[PDB]
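Undergrad: I have a structure here, written as structure tokens, and I will follow up with some questions on it.
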Amino acid sequence: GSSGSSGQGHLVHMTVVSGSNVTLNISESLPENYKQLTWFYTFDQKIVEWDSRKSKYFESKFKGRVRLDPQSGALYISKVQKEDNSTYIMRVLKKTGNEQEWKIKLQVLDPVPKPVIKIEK
């Protein structure tokens with residue numbers, strides 16, 4: 001996965017191997033001081049919310065193995081699964097009084113190698 005977008009908010013495309021510890025970190029590090037920090041698994045799906053108090057997991061399977069760092073705001077997933085591959089959206093409420101949302105298309109790959117297929121016209 002490499003760069004491939006432009007505008008006032010390029011899309012993030014990360015790629016890792018299945019069953020490996022990943023780390024979701026928004027390009028731009030959290031501002032001076034954020035107010036709200038939540039993670040979205042899908043278009044209308046959440047994973048964990050942080051009300052400037054204590055992380056809150058919304059009955060998300062991830063809960064248990066994953067972990068949300070309120071210091072940086074990164075999501076660490078263990079023994080990830082091919083399914084994990086999805087558009088991640090981290091919504092945060094800026095102190096000033098704004099609302100931003102990033103995007104990360106997680107791309108999981110398989111470890112097992114591949115054979116040597118050759119074609120002879």
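Every residue number used here counts from 1 along the chain in the order it is shown.
Any Cβ shown, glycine's included, is placed from N, Cα and C.
Feature list, courtesy of the PDB entry:
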- 1-7: cloning artifact (SEQADV)
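For reference, Swiss-Prot lists these features for the protein:
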- 10-108: domain 'Ig-like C2-type 1' (DOMAIN)
- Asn21: N-linked glycosylation site (CARBOHYD)
- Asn25: N-linked glycosylation site (CARBOHYD)
- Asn85: N-linked glycosylation site (CARBOHYD)
Undergrad: Can you work out which residues elsewhere in the same chain, 6+ from the ends of the cloning artifact (1-7), have a Cβ less than 8 Å from its Cβ atoms?
TA: 13-15, 105, 107
Undergrad: Restricting to the chain of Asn85 (N-linked glycosylation site) and a gap of 6 or more, list residues whose Cβ falls under 8 Å of its Cβ, or answer none.
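TA: Looking at Cβ-Cβ distances below 8 Å from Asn85 (N-linked glycosylation site), excluding near sequence neighbours, one finds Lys105, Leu106, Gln107, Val108.
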Undergrad: Which of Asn21, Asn25 has the fewest nearby Cβ atoms, counting only those within 10 Å, among these glycosylation sites?
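TA: Result for the glycosylation sites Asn21, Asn25: minimum number of other Cβ atoms within 10 Å at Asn21.
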